[PDB]
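Q: Shown below is the structure under consideration.
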Amino acid sequence: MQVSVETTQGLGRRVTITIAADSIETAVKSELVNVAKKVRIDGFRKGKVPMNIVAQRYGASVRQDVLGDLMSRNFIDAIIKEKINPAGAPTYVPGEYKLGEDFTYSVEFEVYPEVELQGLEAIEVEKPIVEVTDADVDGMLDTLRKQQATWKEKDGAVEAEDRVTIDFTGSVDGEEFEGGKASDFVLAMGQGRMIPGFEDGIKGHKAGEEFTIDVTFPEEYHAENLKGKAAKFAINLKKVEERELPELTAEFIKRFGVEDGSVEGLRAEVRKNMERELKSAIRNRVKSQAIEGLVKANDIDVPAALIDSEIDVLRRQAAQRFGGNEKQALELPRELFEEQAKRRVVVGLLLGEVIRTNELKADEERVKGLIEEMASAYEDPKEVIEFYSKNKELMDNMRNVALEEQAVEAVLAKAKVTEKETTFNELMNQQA
Amino acid sequence: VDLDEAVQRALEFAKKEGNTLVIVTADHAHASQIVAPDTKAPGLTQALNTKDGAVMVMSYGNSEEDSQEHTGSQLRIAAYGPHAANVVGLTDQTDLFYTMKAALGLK
């Protein structure tokens, strides 16, 4: 093969293949009799016209047609003898083609560069052994009661989780600031449209008393025009209300996924539901800490090929929830996916190198556990277990993710992972 | 001698205009978002805690089991799409003990 294996820059290697003039004239000629076979005129051809005339005159048009295929034949030929896995996208830049002469084309694609594992032991991860304890079960169920609470009033008693109606006239550092007043605002104690100090001056009093409270805006408080200043607020209590606990009626409580509607069945139901959410979110917690530590610790020039792949999956994922844009996903703004995808590539490169270094292989029983528990999140596990385990293509996909998780925990066994046992209030319940 | 303009009401009115509950809305960018991304200026108008989108996908018609069927598009039971037939054909020696296909180029 007549080739010029150059390199544009780093990964972008330019195998400028020039198909030999003789080889083109023969390959086109061999394709032209195939055209005649497609139209069945090959057997009607009595050989009265020699093959040179039908190739040079008639087949003068049908040249680039054949070259489109020929470029790919020399491509797969080249990368096999070069031992390159074709990264990038094979870019056939056609120099030119004369009548039956040599066809120069610069095939620009990427190669895989040197990967360096480092700072593996330096990575500080946390392993929060979180469960939904009886405190979390009843506490969060109680929050659900107080979110779906029946509105009521009471005569002069406010607490931390009640409701109030006030009109205030505040001043920050002595200035009647932006607004100053806020007339007849209904403060459901348990909201987050005000800072501590303010809410603490509301949630321990009764209606009739019109007083002031002293609050101060934090140093962390991102509003600099308020930050550090002490705000005096003349709170006028006019209404004392309560967001009263509603009835956990059998016909209501059953609707949370309980058959008979037993309270103990709801506590059990939210145990398994909140834990199904929880342990998957613990997985995301520990994994993303390890993953960020990996990228930040490690250096490699990242192939645009794999970036395009991860972007593409994120484009499908976006379009899926962005009205369900039917394969319009490809056109979605790349810049939204660019950085996070490139990150997800560095993940795949380093974790793949951790699979190599720690010589790992996916465990079938581990893949099984992943399937049955991921599917236990639905009322349709059986068809999922069948969809994966009766399909080697998708089972191999789930071996990929299993082995990727083995690669994470392989880095965790090296990394500074602080393991602790704690309640549901830890993980997602960071409402601050 | 026009001090009565500078002090007119409070300053101008109080300062300028009002609000539902008058404070200057500062962010508190911690949340369940652990120290991993940059995002030094998130903005984000309040939001809802952390986890919200779950029982609805906000697309097609997928929420209640009535209209969840057929258009069952909510990322129910996930899978990787690396491009091509995983191995493709040419892997030669990626030097791994099982073909990891998170991502793959060429097409």
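Ordered as shown in the structure tokens, chains take letters A, B, and onward, while each chain numbers its residues from 1 and ligands are numbered from 1 in the order shown.
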If we count only C-alpha atoms and set the cut-off at 7 Å, which residues sit around residue 103 of chain B, ignoring sequence neighbours fewer than 3 positions away in its own chain? Please answer as a VMD selection string.

A: (chain A and resid 306 309 to 310) or (chain B and resid 82 to 83)

Q: Give the strand (DSSP E) residues of segment 22-261 of chain A, as assigned by DSSP on the backbone, as a PyMOL selection string.

A: chain A and resi 91-96+103-110+124-131+150-153+163-172+181-188+210-216+230-244

Q: Could you pull out the alpha helix (DSSP H) residues of chain B from DSSP and send them as a list in words?

A: residues 3, 4, 5, 6, 65, 66, 67 and 68 of chain B

Q: Could you dump the residues just selected with N, CA, C and O atoms as an mmCIF file, in the first residue's frame?

A:
data_model
loop_
_atom_site.group_PDB
_atom_site.id
_atom_site.type_symbol
_atom_site.label_atom_id
_atom_site.label_comp_id
_atom_site.auth_asym_id
_atom_site.auth_seq_id
_atom_site.Cartn_x
_atom_site.Cartn_y
_atom_site.Cartn_z
ATOM 1 N N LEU B 3 -31.326 69.159 52.778
ATOM 2 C CA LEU B 3 -31.107 67.894 53.512
ATOM 3 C C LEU B 3 -32.397 67.065 53.497
ATOM 4 O O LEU B 3 -32.361 65.829 53.501
ATOM 5 N N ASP B 4 -33.526 67.796 53.417
ATOM 6 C CA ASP B 4 -34.893 67.246 53.418
ATOM 7 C C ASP B 4 -35.168 66.343 52.195
ATOM 8 O O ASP B 4 -36.141 65.604 52.192
ATOM 9 N N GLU B 5 -34.324 66.443 51.151
ATOM 10 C CA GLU B 5 -34.415 65.590 49.950
ATOM 11 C C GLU B 5 -33.706 64.241 50.196
ATOM 12 O O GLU B 5 -34.221 63.174 49.826
ATOM 13 N N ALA B 6 -32.533 64.312 50.845
ATOM 14 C CA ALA B 6 -31.692 63.132 51.124
ATOM 15 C C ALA B 6 -32.329 62.219 52.197
ATOM 16 O O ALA B 6 -32.140 61.000 52.182
ATOM 17 N N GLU B 65 -49.142 5.176 35.426
ATOM 18 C CA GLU B 65 -49.020 3.902 34.674
ATOM 19 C C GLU B 65 -49.932 3.841 33.434
ATOM 20 O O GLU B 65 -49.618 3.130 32.467
ATOM 21 N N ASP B 66 -51.029 4.620 33.475
ATOM 22 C CA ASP B 66 -51.974 4.785 32.352
ATOM 23 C C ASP B 66 -51.225 5.203 31.069
ATOM 24 O O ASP B 66 -51.297 4.529 30.040
ATOM 25 N N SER B 67 -50.466 6.304 31.175
ATOM 26 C CA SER B 67 -49.743 6.907 30.036
ATOM 27 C C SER B 67 -48.211 6.667 30.141
ATOM 28 O O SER B 67 -47.445 7.133 29.288
ATOM 29 N N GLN B 68 -47.781 5.921 31.183
ATOM 30 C CA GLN B 68 -46.365 5.523 31.384
ATOM 31 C C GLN B 68 -45.998 4.423 30.377
ATOM 32 O O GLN B 68 -44.871 4.376 29.887
#

Q: Quick one: residues within 10 Å of residue 19 of chain A, only C-alpha atoms, excluding same-chain residues fewer than 2 positions away - as a list in words?

A: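 Near residue 19 of chain A, the qualifying residues are residues 1, 2, 3, 16, 17, 21, 22, 23, 24, 67, 70, 71, 74, 101, 102, 103, 104 and 105 of chain A.
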
Q: I need the residue nearest chain B from this list: A:144, A:87, A:371, A:195. Use only C-alpha atoms for the distance.

A: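 Going through A:144, A:87, A:371, A:195 one by one, the smallest distance to chain B is for A:87.
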
Q: As a short mmCIF file (atom, residue, chain, number, x, y, z; two decimals) with C-alpha atoms, in the first residue's frame, please: the residues near residue 99 of chain B (cut-off 8 Å, only C-alpha atoms, same-chain neighbours under 5 positions excluded).

A:
data_model
loop_
_atom_site.label_atom_id
_atom_site.label_comp_id
_atom_site.auth_asym_id
_atom_site.auth_seq_id
_atom_site.Cartn_x
_atom_site.Cartn_y
_atom_site.Cartn_z
CA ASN A 400 -18.96 -3.23 31.94
CA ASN B 86 -18.41 -2.98 21.65
CA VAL B 87 -15.17 -4.77 20.52
#

Q: Need to verify the contact set: residue 116 of chain A, 10 Å, only C-alpha atoms, exclusion of same-chain residues closer than 4 positions in sequence. Can you return it as a list in words?

A: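 In the requested format, the answer is residues 297, 298, 299, 300, 349, 350 and 353 of chain A.
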
Q: Okay, now the selection with C-alpha atoms, as a JSON list (two decimals), in the first residue's frame?

A:
[["chain", "number", "residue", "atom", "x", "y", "z"],
["A", 297, "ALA", "CA", -4.95, 13.80, 40.59],
["A", 298, "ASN", "CA", -4.20, 12.51, 37.04],
["A", 299, "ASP", "CA", -2.95, 13.87, 33.67],
["A", 300, "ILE", "CA", -3.79, 12.66, 30.11],
["A", 349, "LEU", "CA", -9.55, 6.02, 30.89],
["A", 350, "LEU", "CA", -8.29, 5.94, 34.52],
["A", 353, "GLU", "CA", -6.31, 1.51, 33.58]]

Q: Would you kindly report the residues of chain B within 7 Å of chain A, using only C-alpha atoms, as JSON, numbers by chain?

A: {"B": [10, 14, 15, 16, 17, 18, 19, 20, 21, 22, 23, 24, 26, 27, 30, 31, 32, 36, 49, 50, 57, 58, 59, 60, 73, 77, 79, 80, 81, 82, 83, 90, 91, 92, 95, 96, 97, 98, 100, 101, 102, 103, 104, 105, 106, 107]}

Q: Mind writing the picked residues with N, CA and C atoms as a tab-separated table (two decimals), in the first residue's frame?

A:
chain	number	residue	atom	x	y	z
B	10	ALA	N	-37.45	57.82	54.15
B	10	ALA	CA	-36.32	57.31	54.94
B	10	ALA	C	-35.02	57.82	54.31
B	14	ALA	N	-37.95	53.86	51.28
B	14	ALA	CA	-37.06	53.29	52.29
B	14	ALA	C	-35.66	53.41	51.67
B	15	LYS	N	-35.33	52.47	50.77
B	15	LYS	CA	-34.32	52.68	49.72
B	15	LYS	C	-35.08	52.82	48.39
B	16	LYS	N	-35.38	51.67	47.74
B	16	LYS	CA	-36.09	51.64	46.45
B	16	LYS	C	-36.88	50.33	46.31
B	17	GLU	N	-38.19	50.47	45.99
B	17	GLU	CA	-39.15	49.36	45.78
B	17	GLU	C	-39.26	48.40	46.99
B	18	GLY	N	-39.98	47.27	46.80
B	18	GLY	CA	-40.24	46.32	47.89
B	18	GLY	C	-40.14	44.87	47.44
B	19	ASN	N	-40.78	43.95	48.19
B	19	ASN	CA	-40.72	42.48	47.97
B	19	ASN	C	-41.74	41.78	48.91
B	20	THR	N	-42.03	40.49	48.63
B	20	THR	CA	-42.90	39.63	49.45
B	20	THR	C	-42.43	39.57	50.93
B	21	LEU	N	-41.13	39.27	51.12
B	21	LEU	CA	-40.46	39.29	52.42
B	21	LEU	C	-39.11	39.97	52.19
B	22	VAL	N	-39.04	41.28	52.49
B	22	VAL	CA	-37.92	42.12	52.04
B	22	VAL	C	-36.58	41.78	52.75
B	23	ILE	N	-35.76	41.00	52.04
B	23	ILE	CA	-34.31	40.89	52.24
B	23	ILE	C	-33.68	40.71	50.85
B	24	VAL	N	-32.39	41.04	50.71
B	24	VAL	CA	-31.65	40.83	49.46
B	24	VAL	C	-31.25	39.35	49.38
B	26	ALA	N	-29.55	36.32	48.95
B	26	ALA	CA	-28.23	35.73	48.76
B	26	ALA	C	-28.36	34.22	48.57
B	27	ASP	N	-27.46	33.63	47.78
B	27	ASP	CA	-27.37	32.18	47.66
B	27	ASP	C	-26.61	31.60	48.86
B	30	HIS	N	-24.06	25.31	48.98
B	30	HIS	CA	-23.50	24.04	49.47
B	30	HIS	C	-24.43	22.91	49.01
B	31	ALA	N	-25.62	22.82	49.66
B	31	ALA	CA	-26.66	21.81	49.36
B	31	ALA	C	-26.11	20.37	49.54
B	32	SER	N	-26.75	19.37	48.89
B	32	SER	CA	-26.22	18.00	48.81
B	32	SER	C	-25.08	17.90	47.76
B	36	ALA	N	-16.79	18.88	44.56
B	36	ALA	CA	-16.30	18.13	43.39
B	36	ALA	C	-16.27	19.03	42.13
B	49	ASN	N	-34.68	21.63	47.28
B	49	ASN	CA	-33.81	20.76	48.09
B	49	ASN	C	-32.64	20.16	47.27
B	50	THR	N	-32.90	19.03	46.58
B	50	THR	CA	-31.90	18.32	45.77
B	50	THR	C	-32.62	17.34	44.80
B	57	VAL	N	-41.10	12.49	34.40
B	57	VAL	CA	-39.91	12.73	33.55
B	57	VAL	C	-39.94	14.14	32.92
B	58	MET	N	-41.14	14.77	32.98
B	58	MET	CA	-41.44	16.10	32.40
B	58	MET	C	-41.38	16.06	30.85
B	59	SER	N	-41.70	14.88	30.27
B	59	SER	CA	-41.63	14.64	28.82
B	59	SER	C	-42.60	13.52	28.39
B	60	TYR	N	-42.86	13.45	27.05
B	60	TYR	CA	-43.77	12.47	26.39
B	60	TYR	C	-45.18	12.47	27.01
B	73	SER	N	-40.36	6.24	28.73
B	73	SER	CA	-39.10	6.93	28.55
B	73	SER	C	-38.89	7.87	29.76
B	77	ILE	N	-34.16	1.59	34.09
B	77	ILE	CA	-33.06	0.59	33.98
B	77	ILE	C	-32.03	0.94	32.86
B	79	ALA	N	-28.29	1.70	30.64
B	79	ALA	CA	-27.30	0.96	29.85
B	79	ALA	C	-26.39	1.94	29.08
B	80	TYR	N	-25.11	1.55	28.89
B	80	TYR	CA	-24.11	2.35	28.16
B	80	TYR	C	-24.30	2.22	26.64
B	81	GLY	N	-24.15	3.34	25.93
B	81	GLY	CA	-24.14	3.37	24.46
B	81	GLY	C	-22.79	3.89	23.94
B	82	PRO	N	-21.72	3.02	23.92
B	82	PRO	CA	-20.33	3.46	23.61
B	82	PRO	C	-20.09	3.78	22.12
B	83	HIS	N	-21.06	3.41	21.26
B	83	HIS	CA	-20.96	3.37	19.77
B	83	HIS	C	-20.36	2.03	19.30
B	90	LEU	N	-11.27	-4.79	15.81
B	90	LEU	CA	-9.90	-4.43	16.17
B	90	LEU	C	-9.88	-3.90	17.61
B	91	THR	N	-9.42	-4.74	18.53
B	91	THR	CA	-9.02	-4.34	19.90
B	91	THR	C	-7.53	-4.66	20.09
B	92	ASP	N	-7.06	-5.72	19.36
B	92	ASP	CA	-5.68	-6.23	19.38
B	92	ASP	C	-5.25	-6.63	20.80
B	95	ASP	N	-4.97	-4.60	26.58
B	95	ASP	CA	-4.17	-5.16	27.68
B	95	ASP	C	-5.03	-5.34	28.96
B	96	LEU	N	-6.36	-5.20	28.79
B	96	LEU	CA	-7.36	-5.47	29.85
B	96	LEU	C	-7.77	-6.96	29.83
B	97	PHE	N	-8.43	-7.40	30.91
B	97	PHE	CA	-8.82	-8.82	31.12
B	97	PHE	C	-10.30	-9.05	30.77
B	98	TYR	N	-10.98	-7.96	30.37
B	98	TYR	CA	-12.36	-7.99	29.85
B	98	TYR	C	-12.64	-6.65	29.16
B	100	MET	N	-13.89	-3.47	28.44
B	100	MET	CA	-14.62	-2.31	28.95
B	100	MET	C	-14.97	-1.39	27.77
B	101	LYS	N	-16.27	-1.16	27.56
B	101	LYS	CA	-16.77	-0.28	26.50
B	101	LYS	C	-17.70	0.79	27.13
B	102	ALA	N	-17.07	1.78	27.78
B	102	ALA	CA	-17.77	2.97	28.31
B	102	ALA	C	-18.05	3.96	27.16
B	103	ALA	N	-17.03	4.07	26.29
B	103	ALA	CA	-16.97	5.05	25.20
B	103	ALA	C	-16.10	4.48	24.06
B	104	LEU	N	-16.45	4.77	22.79
B	104	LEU	CA	-15.73	4.28	21.60
B	104	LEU	C	-16.03	5.22	20.41
B	105	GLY	N	-14.98	5.59	19.65
B	105	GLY	CA	-15.10	6.54	18.55
B	105	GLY	C	-15.45	5.88	17.21
B	106	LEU	N	-14.75	6.32	16.14
B	106	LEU	CA	-14.84	5.86	14.72
B	106	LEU	C	-16.20	6.13	14.00
B	107	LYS	N	-17.33	6.15	14.75
B	107	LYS	CA	-18.67	6.36	14.16
B	107	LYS	C	-19.63	6.89	15.27

Q: Go ahead and compute the interatomic distance for atom CA of residue 212 of chain A and atom CA of residue 13 of chain B, in Å to one decimal.

A: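 Pair atom CA of residue 212 of chain A / atom CA of residue 13 of chain B returns 21.1 Å.
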
Q: Contacts of residue 134 of chain A at 10 Å or less, counting only C-alpha atoms, minus same-chain residues fewer than 6 places along, as a ChimeraX atom specification?

A: /A:140,267-268,271,423

Q: Quote the spacing between atom CA of residue 85 of chain B and atom CA of residue 108 of chain A in Å to one decimal place.

A: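 For atom CA of residue 85 of chain B relative to atom CA of residue 108 of chain A, the distance reads 22.2 Å.
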
Q: Determine the nearest neighbour of residue 153 of chain A from the options A:239, A:98, A:229, A:127, counting only C-alpha atoms.

A: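 Comparing A:239, A:98, A:229, A:127 against residue 153 of chain A, the winner is A:239.
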
Q: Just how far from atom CA of residue 363 of chain A is atom CA of residue 283 of chain A, in Å to one decimal?

A: 17.9 Å
